[PDB]
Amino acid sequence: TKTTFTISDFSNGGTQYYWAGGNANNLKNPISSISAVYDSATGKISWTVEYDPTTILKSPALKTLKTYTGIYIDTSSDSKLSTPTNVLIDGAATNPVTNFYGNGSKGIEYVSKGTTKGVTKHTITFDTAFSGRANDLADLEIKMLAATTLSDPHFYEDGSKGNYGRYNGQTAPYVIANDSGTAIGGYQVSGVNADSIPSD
């Protein structure tokens, strides 16, 4: 049977990633939530990311644009977690963009096939097969970064460039776009918190 995990179930290991635009003193979080439903019987995990670039991309000068959304996902540090399947955005399909910067990041940007007039909330979902038992969720390593682009569907915003600011008075890392991506944010999982792991 199934268990739902949220960001708060990953607190202990791994990292939330924010966006400074032209302003490391005004960090912003474009992730409303991340939610993963793990089925102990099959090992399937179903992810749901709620992306909201709406606050970063406030401007009305953007209303006429045909935007693309994308999710970069890397499952390469876990040998028990397989690449993702059925990657959707707003329930629609995606094209994969593979790393064209030769920076050694493994892992892939799944970009929407369709555009969106203007800037809106989005709901990204995908599946990842997991070949371990519940206990091995203490070592689940996966990284996810939502991005928007204003016109171009060919982008790869892994989190490879970045730096640190303040968000709720911490030292919060933020992403720097490789190119033309914007409102980037996301999370790196590095183990499900010891005490949110289920019964198995």
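In case it trips you up, residue 1 is the first one in the sequence shown, and so on.
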{"query": "Entry-level comparison of average CA B-factors, 67 to 75 and 116 to 124, reporting the higher stretch", "finding": "116 to 124"}
{"query": "45 to 53 or 165 to 173, whichever carries the higher mean Cα B-factor", "finding": "165 to 173"}
{"query": "Out of 160, 135, 151, 148, residue topping the C-alpha B-factor column of the entry", "finding": "135"}
{"query": "Chain-wide C-alpha B factor ranking for residue 143, given as lowest, middle or highest third", "finding": "lowest"}
{"query": "Assigned third (lowest, middle, highest) for the C-alpha B factor of residue 190", "finding": "middle"}
{"query": "Lowest, middle or highest third - CA B-factor, residue 101", "finding": "middle"}
{"query": "Chain thirds of CA B-factor: placement of residue 16", "finding": "lowest"}
{"query": "Cα B factor band for residue 37 (lowest, middle or highest third within the chain)", "finding": "highest"}
